[PDB]
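A single structure is presented below for examination.
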Amino acid sequence: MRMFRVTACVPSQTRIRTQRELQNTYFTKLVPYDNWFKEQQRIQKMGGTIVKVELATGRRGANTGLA
Amino acid sequence: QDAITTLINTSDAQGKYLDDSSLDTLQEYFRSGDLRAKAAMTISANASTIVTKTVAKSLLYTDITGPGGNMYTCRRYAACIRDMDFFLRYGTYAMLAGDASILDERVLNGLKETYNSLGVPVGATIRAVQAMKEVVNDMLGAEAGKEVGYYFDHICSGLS
Amino acid sequence: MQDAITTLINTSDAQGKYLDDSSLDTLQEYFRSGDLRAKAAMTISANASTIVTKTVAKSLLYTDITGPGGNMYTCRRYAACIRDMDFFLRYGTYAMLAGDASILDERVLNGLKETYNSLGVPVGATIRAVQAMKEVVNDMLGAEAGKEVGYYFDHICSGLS
Amino acid sequence: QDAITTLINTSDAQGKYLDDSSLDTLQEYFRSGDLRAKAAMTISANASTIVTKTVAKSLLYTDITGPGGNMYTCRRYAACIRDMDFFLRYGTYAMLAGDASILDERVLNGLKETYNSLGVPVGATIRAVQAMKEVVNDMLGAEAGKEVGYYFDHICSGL
Amino acid sequence: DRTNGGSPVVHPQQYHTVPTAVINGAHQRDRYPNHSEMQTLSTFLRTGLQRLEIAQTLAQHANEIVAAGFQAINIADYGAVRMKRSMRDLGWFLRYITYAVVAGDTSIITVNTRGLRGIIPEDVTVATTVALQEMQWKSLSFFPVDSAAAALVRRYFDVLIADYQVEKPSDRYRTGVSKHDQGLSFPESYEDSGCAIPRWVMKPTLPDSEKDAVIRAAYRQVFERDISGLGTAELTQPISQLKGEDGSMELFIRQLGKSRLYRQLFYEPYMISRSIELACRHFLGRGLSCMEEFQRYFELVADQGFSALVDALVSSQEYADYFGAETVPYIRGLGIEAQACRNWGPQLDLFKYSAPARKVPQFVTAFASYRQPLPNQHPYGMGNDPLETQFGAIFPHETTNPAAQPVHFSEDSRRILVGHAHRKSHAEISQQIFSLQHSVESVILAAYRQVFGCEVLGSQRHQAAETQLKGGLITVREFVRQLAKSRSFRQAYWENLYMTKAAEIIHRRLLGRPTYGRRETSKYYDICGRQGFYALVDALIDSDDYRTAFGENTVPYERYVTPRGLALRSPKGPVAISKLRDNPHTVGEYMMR
Amino acid sequence: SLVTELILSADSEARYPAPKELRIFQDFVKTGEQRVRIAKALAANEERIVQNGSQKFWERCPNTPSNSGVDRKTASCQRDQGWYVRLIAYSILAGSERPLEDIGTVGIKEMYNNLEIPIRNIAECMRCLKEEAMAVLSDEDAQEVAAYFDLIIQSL
Amino acid sequence: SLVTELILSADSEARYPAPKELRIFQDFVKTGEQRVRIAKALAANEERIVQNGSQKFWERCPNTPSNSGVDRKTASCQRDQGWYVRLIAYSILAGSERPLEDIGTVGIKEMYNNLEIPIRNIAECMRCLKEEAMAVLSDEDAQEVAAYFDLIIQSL
Amino acid sequence: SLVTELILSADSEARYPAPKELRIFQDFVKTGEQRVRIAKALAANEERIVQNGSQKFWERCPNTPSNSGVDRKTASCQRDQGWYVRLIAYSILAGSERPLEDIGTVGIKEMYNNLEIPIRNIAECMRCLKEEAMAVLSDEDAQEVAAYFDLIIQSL
C-alpha cells in the first residue's frame, strides 16, 4: 500500500507532563495513505509543524494498483 | 502492481483499451502463468532448504560470520537468514506477479539506507542474493530459474 | 542500554576472546568507583529539585529569554523547561551510575537537537543551563564525584552542540 | 499486598505501633525469607521442567488429551501449558510476598468465570496444580515445597 | 431506581513496600523476578533484622519521643482540639516512620507527607519542622550514631522532613476528550500510591533486547498476553519495519490491530459492540467513557469495518495525547489516572484478564439502561429468572458466559407479569386446570406435570400419596404438597440450585407465577434459610395465594409469566401489533411513474 | 486484480502462496482466454451498448440531466457510460473488481452529488447497460459482466 | 475452511462478498467431489501410510523417542502420525489449512517441546509421511496432499 | 548486565534508582572479586573443558554431525563450545545472562536449524560442558556458572 514518510514535531500546549508522560514529539513515521489525511489533521489540531512529507511507497498518478 | 495492472494503468493513462501489442503482453503473461505457479510451488516447498544452502555457499566460513563480523551473534545470524527468506519470498511474489513493482514498493525502498545505517555489508548481501539465484536456477532449471533470477537481479540492482 | 562492563564485554566479544588484563583493569576501576557513584546518585536523587532551582537561577533567570517573547515565558513553557532540566539531571544520573554515556546517546541525544530546532528552543541556552547544572553538582558533590558526573553532563552538552 | 502490607494495614487500622505478636509474625516472614528467595530462584530456573513433569504425571494419557478432550487441538494444549506456567509463576509471586493477595487479585478472581465460559475442567486443573505441588516438593525439599504448596493450595481453593 | 453497573472488588494500594514493588515490576513485565530483583528481596530481608529492631526501639520509646517533640506555642491559646491534633500528628509521624522502616520503603512517608504543607495550617510549619527535627535528634540520640543504622534512621527522618517541606503539588488532570467526556482531577498522593506501570518507549537506537521487551509489552497490551513464544507471532515484516528507524510503535499498534490474530481473538467470537469495547481496552488503555463515544465507534464500524475502527482509535487525539508516537498503550486504571464513576463497573470488568470471558457487551447495556426505567427482572438480578419451559430449572450461570445486568429494586417494587387470564378466554384456560380431567388418575398425572413439568419415572412416583388420594384420605392440595416434599423434587429443584433460584423455581412450579418483588422473595428466602426446604414447601402450599388461586381440590397451573417468556412463546413476533402494509408503494418504484 | 490480492493475502501472514492461492491463479490463467474474449467483445460493441442503454434509460427515466435538452450533458452521459463499461472490461481482464473500484466506484457518491446528478438515476442507467450487456453476451460472459455491473449498482 | 475466510474477509470491512469471492466459492464447490475422493482415499489407506512412514522414519533416524524400546511411545508416535494425516484430510475437505492449523500447528512447538521430543524429528517423520502420500496418490491429489504436508513441515 | 537492568528498571517509570537498587549496586560491586576469579578460572582452563565435554558428548550421543568424520565440522563444534563457555564467563562478569542472551541465546534455534545440527545434540553437548564445569569449579563457583548453563538449556 502506498506510504507517506512524514517528519513532524507536535508540541503539547494543554498539559504539563510530569516525568513519565513525556514521550517525544519529533517523530519520523511511515504513514498509510488512507490515514495520512487524518494524521495531518490531528497533528495540525495539536499544533505541530510538519517539516517533511514524501511518498515512501507507490508512484504518482496511479489510476490502479496503488494499494 | 502486476503485469495486468501495469497494462491497465498504461491504457488508462493513454485513455483507450488494451491494443493488440498489450494483448500480446497479456497473452504472454497468461501462458507463463502455469509454469510460474509450478515454480511458486517449488519455492514454497523448499524455501528453508534454499536459504540453508545459500548461507552455506556464500556467507559461511568467511570472517563476516565470525567475531567482529555482521553475522556474528545468534540474533544477527537469525536476522540475516530472516532477510534472506524475505528476499526469497518477495522474489517469488514478483515471479507470480510478473513485475518487480512489489520489490520496488516493499523491499528495495529504504533498505539501502537501513543497511548502511546498521552497518550491514551490502556487497556480501548482493552476493547472497545471487547465490540464491544460482541455487534456484539449479533446483528448478533454466526457464523458471531465469524468470525468478531476473527479479533476483532486480533486487541485486536495488541494493546496488 | 550499555554500561561500562557491557562495553568491555562487547569489545572483547567482537574481538573473540575473554577479557584481557587491560579490560579487567578498567573493570577494577569501575568496580572501585561504584561506591562513590552510588552515593552520588543518592545525593542527586535526594536534591533534584534544589539542583534545578540553583541551575535555573544561575543561568536562565533574570535574562530576556525569560522575558516577554522569551522561551520560558508563558508559565507552561517555563514548567516545560523545568521538566527538561529534571529529565537531563536524572539521565545524567543514569549515565553516571552505569559508567557509560550510551543511554544518553540512545534516549537523550538521539534527535534532541533537531527537536529543539523544531520547537524553537534555544540550544545555546539549554547548553549553558547544562553547564550550570554541572557546576551545581560540582559544588554540592565535591571535586571528584562532581567531575565524574560532569563528564556525562559534558556528553549531554556535546551531543547538544 | 505482601505480608508486610497486610501487617501494617492491620496495625494502622487499629491505629497503633507494630505489636509484639505482629513483630513476631514479621520475624517469621523475614527469617524464612532467604529460603523463600532460594526457592523462587530455582523455581525460576526450572519452571519449564516442572510444567513438563506435571503434565506428564497428571494430564497425559487421560482422555482429555484425546479427541473430544479439553487438551486436544494443539493450541488448546499450548494454552493449558501457559495456564500451568501462570499458576507456577503467580504462586511464586505469592511465595515471595508471603501473602495470597496477588493470587486473589490476579489469578483466582477472573479464573472460575473464564474456565466455566471456556469449558475448562476445574477438576483436571486442580489435579494438575496438586501435581505441581508434588513436583516442586520433590525437586525442592519438604519445607520449601510446603511453603509454595500453601499458595498452590490457595490457587486450588479458588478453583 | 437506576440499573447497576456492578461493584467489583477493588484493592486500592495505599503505598508500596519493598517486596510489593519488586513483585509489581516482575508482574508488570510478565516474567519471573531476575537476579537483581532477587538481590533486592534478599538484601531487604537481610536488613530486616536491623529494620525490625529499629521499629522495636522506636515503638518502645515513642512516649518519650513525642513528649520531647521559632516561637513555641501556648496550650491555652492554641485550643484543646488543636493541641490534641498536634500530639496526634506527632505520634502519627513517628508511627509512619516505623512503618516505613519495617516496610523498607519511604513510599508510605512520601505519599502521606508530601502534600501536608498546607493541610497543617502552614503558620505552624516552622513549629512542625522543628518538632520533626527534634524527633530526628532524639531518635538518633538513643540509637548509637557511629556507623550503625542510625544513618538509616537519619535518612528516613530526612526524607520525611523533605517530603513535608514540599509545597502545593499540582493535582493530575484527566481532561475531557469530548463534550460528552467529563474531565477528572487526581491528587498526586493518589498518583504516587498507585502501582508503578512500565512506560515502554521504543526509540530507534535501543538495543535488541530492549526492543524485544517493547514488542512483548505491545503483545501484552494488544493481544492481552505474550504471543511471541508462539509461532503465530510470525509478523516478521511488521517487527522488522518496527525495529529499525521506521514503522514506529503507533504504526505497529495499527498493524497488530488489523492482523488476523487480533480478529481471531477479539473480533471473530464477539458481536460488534463487545468487540468495540475490547478494542477500546487494547488500543487506548481504557473503556468506553460515554454512550456517544460508542455511537461514533458503532456507526464507523457499521459503514467501514472493524479495521477502520482500529485506524480511528490509534489515529485519535486521545491516543496521541497519551501514547504519542512511540509509547506502547498501557492500561489506564485506578492509580494511573483519575477514574470516572460512569464506567466504573464495566471498565473494571474490562481491565480484568477475564474480559474476553464475557460475550454480552457490558458498556453499552449499562450506559443505555441507565437512561431507561427499571427492567423486568427478578430482584436479585437476571440469573434468578429461570427459563419458562414445561420442565427444568434452567438458570443463567454467573460464571459461564456472564450476561449479568445487576439492578436494585426497592422492597415494595413489583414485577409486571403477563397473565393468561386477561389474555385468551375461558374454556381456553380451563383446559389446563385439572380440579378434583374428572378421572382421579388424570389428576395425579397433572399434579405430576405441574410439580415436575414432565411425567416422572416409577421410582419418582409417590405411590403412598396415590393410594391416599384414591381413597379420599387426602385432597389434591395435600397430594401436591407430598409431591413437592418428595425426595426427587428436592433433587430436581432444591439441591443443585442456588437457594433463591431454588425458591423462585419452586414458587413457579407450586404457584404458577413468578414472584413479584423483594417482599415475596425475601420472605421465601428467609424461610428456606432459617427453616429449610420442607418449611418453604409447606409455606408455599399454605400460602394465601395458593388458597385463593388453587384452593384445595385444584392442581396448580401456570397463570403468569415474565414478558420474556411470551417473547420466547412468539418467535415469529406478536400477533397484531400494528396493521401491516401489504402491497406498499415506495419512492423510486412509484417515481418511475 | 486477483494476482495482487492473492499476493497481499500471502503477504499479510508473511508466507508463500498457499495451496489455494496457486489454484485460484491457475483458474484465472486458464479462464484468461474467455476473459480476453469478453474484453474484445465489449471494446468492439461499446458504441451500440451505450446507445441502446441510453435509449432504454431515457424510455425508463426521462427526468435526468442526460436528457434535459443540453447536448453537452447528454454527450457527457454517453462518455460516462462508455467509461464504466471500459472499467468493467478492465475488471474482467484483471480478474477482480479493483480496476472498477480504484477508478470508478469508490468516491462515486460524493463526486456525482457534487455534479448534482441524482444517484439513483445513475443506478437505473447502469441497470440498463447491464441488461444490454446480457443482450450481447453469452451466458458465462454476461454473468461475469453482470458481476461488475452490480458492483457499480452497489456503489450507487 | 476457505469459505470461512471468504466470509471473514467480506466481514471486517463491512461489505458483502464480492463476485470474485463468489467465484472462489464456485470453484471450491466444483472441486468438492475430488476433495471428498481424496479424503476417502486417506481414510482408506491411513494404516499402511502410518506403517510405511514409521518404517522409513526409523530407517532415516533411529535416534528418536519413538524407537527407544518403549512401545507406548511407539503407539503415541503412530497415533500422532494418524491424527496428522486425518487433519490433512480435513484440510483437503475444507479447502484450506485452517482446520489443520487450528487443531495441530498453532501451539505445535509448545506441546512437542513439553513432550521432550525434537521438533526436527517430527518434521522428518512428516517428510516421510509426505513421501508415502506421494507414493499412494494420483498426481493432482499428490500435489494437494503434499502441499498441506509442507505446511506442517513449515510449522516445525 | 545487572547494572544496565537496574538502570532500565529505574527507567520506563521515570524514577530515580531506588535505595534498594543502589544496595544491589554496592553489593554486586562487592561481588566483583569472585566474579573476576570465575572469569579467570573459566578462561584459564577452557581448552580442557571443551576437550572433556567433547569426550563425554561423543560418548553419550554419537549420532551427531561432529563425529561424521569431517574434522572441519568437529573444529567448528569445538569453536562453538569454547564460544559458549566464553559467553557464560562474560555473564558472570556482567552479573546476568544479558551478554549470554544477546550474543548466543536469542536467535539460537533459527541459526542452528539453518546449520541443520539437531538442537537436542547441542543441548547434550552443553550438558557435558556443564558437568565438566562442575568438575573443575568449587561449589559456589559451580552454582554461579551452572545458572547460565541452565539458561542455555532453556533456549535449546
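Quick notes on this structure:
Per-chain residue numbering starts at 1, and chain names A, B, C, D, E, F, G and H are given in the order in which the chains are listed.
We take it that a residue touches a chain if its C-beta (ideal position, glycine included) is under 8 Å from a C-beta of that chain, and two chains touch if they have at least 3 such contacts.
Separation of chain C from chain G in touch steps, taking the shortest path, is 2. Contact analysis places D-E first among chain pairs (by count of C-beta pairs in contact).
Spacing of chain C relative to chain D, judged by their CA centroids, is 44 angstrom. Distance between chain B and chain F, defined via averaged C-alpha coordinates, is recorded as 34 Å. Spacing of chain A relative to chain C, judged by their CA centroids, is 31 angstrom. Within chain G, contacts with two or more other chains are made by residues 105-108, 110, 147, 154.
Residue positions 1-2, 5, 8, 12, 41, 44, 48, 75, 82, 106, 110 of chain B each touch two or more of the other chains. Multi-chain contact residues of chain A, defined as those touching 2 or more other chains: 16, 18-20, 22, 24-25, 63-66.
If you check the complex, the residues on chain D that touch chain H are 45-46, 48. Interface of chain F with chain A (complex): residues 1, 4, 90, 98-99, 102-103. In the complex of the two chains, the chain F residues touching chain E come out as 11-15, 60-61, 120, 124. Those residues of chain F whose C-beta lies close enough to touch chain G in the complex are 2, 5, 15, 18-20, 23-24, 27, 95-97, 147-148, 150-151, 154. Residues 229-232, 260, 263, 267-268, 301-308 of chain E are the ones that touch chain G when the two sit in their complex.
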